[PDB]
Amino acid sequence: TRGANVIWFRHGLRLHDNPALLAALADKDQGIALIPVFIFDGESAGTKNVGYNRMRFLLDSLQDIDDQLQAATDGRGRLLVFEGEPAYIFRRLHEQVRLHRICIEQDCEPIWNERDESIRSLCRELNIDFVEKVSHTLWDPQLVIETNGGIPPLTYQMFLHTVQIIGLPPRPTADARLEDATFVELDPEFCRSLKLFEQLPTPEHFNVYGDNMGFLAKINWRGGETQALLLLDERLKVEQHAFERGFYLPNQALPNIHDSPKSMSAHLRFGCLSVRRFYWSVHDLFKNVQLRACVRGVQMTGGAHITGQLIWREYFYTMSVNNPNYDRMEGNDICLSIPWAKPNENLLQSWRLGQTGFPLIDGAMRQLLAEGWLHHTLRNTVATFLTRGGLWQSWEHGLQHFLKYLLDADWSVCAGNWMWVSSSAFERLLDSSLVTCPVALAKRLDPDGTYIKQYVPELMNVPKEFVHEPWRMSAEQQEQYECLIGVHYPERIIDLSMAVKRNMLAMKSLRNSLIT
Amino acid sequence: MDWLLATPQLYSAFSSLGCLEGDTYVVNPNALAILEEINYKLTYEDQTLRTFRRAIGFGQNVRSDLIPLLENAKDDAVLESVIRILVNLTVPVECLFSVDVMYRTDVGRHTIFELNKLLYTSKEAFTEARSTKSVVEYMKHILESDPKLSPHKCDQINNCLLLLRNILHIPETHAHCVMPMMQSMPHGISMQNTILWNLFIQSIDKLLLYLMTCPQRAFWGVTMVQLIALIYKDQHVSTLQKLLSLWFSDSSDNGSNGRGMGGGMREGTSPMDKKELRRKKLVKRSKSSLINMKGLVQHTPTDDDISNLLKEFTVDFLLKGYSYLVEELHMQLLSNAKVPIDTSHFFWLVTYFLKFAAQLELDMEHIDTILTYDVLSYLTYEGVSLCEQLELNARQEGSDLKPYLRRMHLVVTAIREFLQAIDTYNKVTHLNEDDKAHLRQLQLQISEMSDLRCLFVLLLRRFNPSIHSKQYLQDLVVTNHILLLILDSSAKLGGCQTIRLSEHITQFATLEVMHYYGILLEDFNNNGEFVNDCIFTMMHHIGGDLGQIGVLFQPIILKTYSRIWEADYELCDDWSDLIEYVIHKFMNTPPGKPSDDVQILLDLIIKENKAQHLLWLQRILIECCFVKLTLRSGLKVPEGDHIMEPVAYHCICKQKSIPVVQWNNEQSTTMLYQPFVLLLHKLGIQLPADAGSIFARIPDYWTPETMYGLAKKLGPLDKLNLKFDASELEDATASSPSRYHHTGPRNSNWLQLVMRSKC
Ligand SMILES: Cc1cc2nc3c(=O)[nH]c(=O)nc-3n(C[C@H](O)[C@H](O)[C@H](O)COP(=O)(O)OP(=O)(O)OC[C@H]3O[C@@H](n4cnc5c(N)ncnc54)[C@H](O)[C@@H]3O)c2cc1C
């Protein structure tokens with residue numbers, strides 16, 4: 001037996017900046033081979049409740065890894081795709097070929113704690129070393145907790161100081177030299193007995209059927225490493241336009257809706273693009289745009305404002321590793337028990353299917369069902385319409401629906417964002433400030449009404465003056481323009497002005513009753 | 001950065017502030033609620049982080065929402081709220097938590113850059129003429145809405161003035177943080193020109209003139225003078241002079257910025273038929289120019305156009321707004337409350353505009369209340385007290401320095417401009433004999449005065465060449481020559497040298513004036529034929545007119561004495577008896593109640609072989625009873641002749657110490673000699689070391705009927721000075737004993753709330 005090493009892609013679906021693969025590619029001179037394995041256990045990579053868009057994104061990314069391996073190894077090496085219990089597969093793989101160590105990427109979320117402990121107990125009882133490198137995050141979340149003093153940092157400014165004394169996150173590592181790696185061919189009988197996928201399957205194989213709604217996806221989303229790097233060239237150009245202008249974060253400085261997206265959320269979550277590579281490629285772009293434009297009038301200042309959203313994604317990761325109930329309220333010591341209304345399936349299905357009667361909320365919710373990605377402002381206005389400024393429902397319903405249909409469904413990030421918009425856990429707690437009104441925000445994100453007309457196909461003849469507020473359109477204009485409210489486009493399911501004023505009355509009462 | 005998760009809320013609120021339907025802008029009905037929520041969030045935010053203000057800066061919501069909302073508002077309440085929010089928004093960073101101490105760290109300079117970018121972008125938003133048009137229209141609507149102004153309306157007017165001042169104060173970010181190149185001059189030099197041009201197209205000059213003409217000017221005089229100081233920034237006095245020659249609730253914004261913070265940069269360096277014709281030319285060319293520039297509201301705004309505009313403003317400003325502004329500022333500075341008015345603005349006002357009033361031979365009936373003894377008396381009081389504060393805070397580090405240097409440089413020029421205007425009006429003989437008699441009597445009161453006369457000994461002896469500039473020495477010696485000339489024309493004729501020059505210019509000639517006078521010859525070409533002409537005349541009174549010749553040869557300036565001897569700048573005969581006649585004197589060199597322990601102190605003074613140190617100060621402790629006797633009397637006697645000691649009046653109504661400052665060295669170092677201090681600590685008087693300075697204190701409240709018996713034992717009883725009449729009050733010190741007992745110097749959370757709720 002020559003021996004073989006096992007790299008498992010629970011996440012971090014890439015080859016560049018993979019410390020797990022660097023440990024996998026080590027011990028070459030002894031004769032230890034390499035086995036790349038993906039396991040479809042129904043839980044890994046967010047497959048418990050997965051829509052057609054995210055399942056295609058995972059399936060397209062697996063083809064890109066297989067195409068990368070078949071190009072560097074000229075067909076000698078290929079990805080192995082399985083479907084079964086991970087403890088059963090690794091035990092049978094250890095019997096055929098003697099393993100040496102299983103190297104993974106560290107998934108810090110506690111929903112993978114039961115899976116990791118089962119694997120950790122398996123290798124310890126089989127005299128197999130366990131390797132768990134961390135590359136999904138800039139800093140180790142358990143390291144931040146230990147340096148803070150046994151309690152996670154409960155403030156963004158307190159978390160920013162905690163990572164200041166930790167140091168800068170590490171630079172991206174080298175690229176794996178898979179051109180000389182040893183791959184082992186298995187017995188074909190062992191492949192059918194272990195449910196090995198001889199070809200890459202379809203999303204219909206996992207009972208995830210493509211809906212008829214996805215015809216109106218104006219843009220197309222493609223996963224994998226190759227699409228992650230080509231889009232990275234496009235977003236850094238967007239950054240360079242803002243860097244020569246004097247401001248940062250162009251996605252939240254100039255909010256553009258009716259164009260191609262410039263977000264590294266889907267590729268970064270699945271690991272098609274390394275976060276550390278994304279962190280440093282936009283900081284080194286900021287470093288040499290400060291130096292060579294210092295002769296010009298505009299001079300930069302430096303700091304962490306360039307990647308201010310990446311610290312936010314680590315803030316939710318830090319206060320979720322030790323909280324197994326991070327996605328709910330019962331047993332959760334971070335969020336209050338806000339008395340939401342009784343869960344109404346009629347209002348929820350109207351909100352989920354994009355039939356609420358508000359053109360921005362209808363346009364945004366139909367975009368998620370068709371493409372799987374929204375803008376951050378578009379995600380905030382549909383999370384405020386359901387929890388605070390509107391239906392007054394529980395955020396757990398919106399969190400579960402977001403986790404099923406998002407292209408970037410991160411368990412710690414989405415639950416943290418849903419508990420911020422509802423304002424139940426973090427700072428600016430129980431705020432009685434102005435809520436995100438969809439009527440006013442639609443009139444200036446897309447004043448022309450192009451984006452609303454794109455995703456709502458019932459408003460072709462509706463002009464730009466009436467498309468944001470079709471309820472102001474008269475009955476005579478409704479007949480001649482094919483915008484009959486109630487039979488073509490739904491009426492507003494709730495009164496927005498009455499519901500907003502009612503909720504802040506209950507919001508102020510909770511704040512007053514919080515004291516004593 | 002961390003408002004990123006709160007960005008869509010602010011975006012929605014600012015989008016809902018104002019919605020556009022077709023061509024008519026319509027405001028939201030709940031715009032007042034949205035604006036008051038925004039103002040409450042901005043005022044009650046974190047002091048150090050300033051996260052909400054940086055959020056407004058990052059979102060660029062100002063030019064997108066607030067400027068159109070200010071432009072197209074109609075109701076007064078929404079306009080007032082928008083004005084208040086804008087005023088709270090465009091506060092200069094220097095008025096915000098003293099940015100220089102926390103600028104050092106990277107997060108600190110990032111915050112400074114973010115706030116400065118917000119200020120610059122708000123100024124770029126305000127460069128549009130419609131925003132200033134809306135503000136000027138709001139001004140006019142408040143002003144002629146009703147003849148009587150409510151205090152709330154006065155506060156709104158005040159807010160508008162603060163908005164204008166803040167907008168004009170923003171370019172300090174543009175001045176140095178931008179650091180323009182040749183590709184940034186055509187926009188950078190024209191941003192302020194466009195701001196001023198749009199201000200004057202909407203006739204802000206008439207608004208300001210009516211504002212100072214309004215009787216309610218006390219509500220906004222401080223912001224009025226601050227905006228006047230901020231109107232001129234890069235327009236020097238040279239081009240103005242050439243044009244005048246060519247003529248013929250923890251946090252807030254109002255107080256969280258009004259802590260002085262005076263704009264720096266120095267913001268400075270028949271004939272009557274002709275005045276009549278030039279007044280008609282003023283109004284005619286002003287109206288023709290105004291219709292021309294409203295024809296050219298978009299044009300090339302240049303610096304000479306700005307200079308002409310400021311000329312047409314300042315010519316009528318000196319005519320009508322001068323006295324009405326400065327007398328209100330003087331009355332507000334005389335108020336007993338803790339005033340927030342920056343004194344350097346008032347000093348700048350008198351220096352910068354008195355030369356404009358004097359050069360144009362402006363007729364007196366606007367300027368009588370300004371060219372007066374009271375403002376000069378207050379000027380010398382503030383000079384004494386400001387040098388007091390400077391030498392108090394010089395020992396202990398950690399205080400401001402450059403504001404103190406600029407305040408010195410402004411109070412010294414203020415003495416220069418008054419007496420220069422007095423001399424220029426003496427030169428002019430067009431004025432009648434009544435104002436001639438007024439000028440002669442004011443010159444008499446300046447003659448018999450004693451406080452500004454050795455104020456120059458004060459700033460020539462406590463001067464440090466390492467703490468000031470070369471122009472300060474030039475300015476000071478110009479004031480020396482000017483006051484000496486006032487003493488030579490105003491006192492020899494008008495008073496018959498009552499200060500007894502040979503005794504009193506021995507308070508000059510102390511050789512601490514000789515060294516810094518000698519630095520003037522080191523820069524002798526910088527003075528030209530103006531200030532070089534000043535100094536040998538002072539030298540001539542010392543060398544030729546006083547009996548001191550062998551002493552005026554100091555080794556540091558003996559070589560510079562040879563520098564004139566090798567230059568030989570064709571000097572006249574008034575001082576060729578100095579450069580040529582005295583060089584031969586070194587070319588051929590000779591190389592209970594009554595007498596007590598106090599009596600043992602007063603004869604010790606005689607053991608110093610002289611008693612001139614007593615009468616030098618003793619007159620002041622004779623005078624300590626008088627001023628609060630007159631305040632007790634409440635009547636008027638022939639004032640001016642009865643000088644009342646300008647260093648004493650403007651602190652005794654403020655009831656503080658009335659210090660005897662050091663003046664001249666043979667009497668100054670006596671305030672370290674125990675013989676003088678012995679009577680200054682026997683009965684109990686605050687030592688200067690307790691006050692931190694080296695000016696000896698004279699405190700107050702000792703019941704001025706008591707301030708003559710202890711004063712009688714002090715020195716002789718030379719009553720040649722009949723500057724007092726206390727026939728009733730010469731009775732209650734010894735004949736009313738034990739009114740004060742024998743007392744001397746004797747001392748006498750979010751996770752937290754979550755937990756709370758869930759539990
Ligand atoms: C209701 C709601 C749901 C969200 N769900 C997700 C999700 O499922 N997956 C996801 O990656 N992001 C989520 N976010 C954060 C953010 O809206 C999305 O990542 C968005 O696509 C990024 O937009 P961008 O291009 O401006 O930033 P990007 O360049 O896309 O951001 C890059 C990285 O920064 C992180 N990030 C950026 N903004 C935030 C934020 N406000 N809070 C937390 N993390 C942030 C993201 O996790 C991402 O990996 C959600 C936000 C809201 C309000």
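Please read every residue number as a count from 1 along the shown chain.
Every residue, even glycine, has its Cβ placed from backbone N, Cα and C.
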Binding-site annotation, Swiss-Prot, FAD: partner of A:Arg235, A:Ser263, A:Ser265, A:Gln309, A:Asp408, A:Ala409, A:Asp410, A:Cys414, A:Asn417 in A:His205, A:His376, A:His468, A:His488: A:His376
Conformational class of A:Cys414 (FAD binding site) under the three-state DSSP mapping: helix
Cβ under 6 Å from ligand 1: qualifying binding-site residues of A:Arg235, A:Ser265, A:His376, A:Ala409: A:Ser265, A:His376, A:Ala409
Annotated FAD contacts A:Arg235, A:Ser263, A:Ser265, A:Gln309, A:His376, A:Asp408, A:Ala409, A:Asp410, A:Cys414, A:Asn417, maximal Cα-Cα distance (Å, integer): 23
Against chain B, in sequence order - binding-site residues A:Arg235, A:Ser265, A:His376 with Cβ under 8 Å: A:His376
Cβ neighbour count within 10 Å of A:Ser265 (FAD binding site): 20
Listed in sequence order, residues with CB under 8 A of A:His376 (FAD binding site) and six or more positions away: A:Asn251, A:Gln252
Per-state residue totals over the domain 'Photolyase/cryptochrome alpha/beta' (A:3-138) - DSSP helix, strand, coil: 55 helix, 28 strand, 53 coil
Binding-site residues listed as A:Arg235, A:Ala409, A:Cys414, least Cβ neighbours within 10 Å: A:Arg235
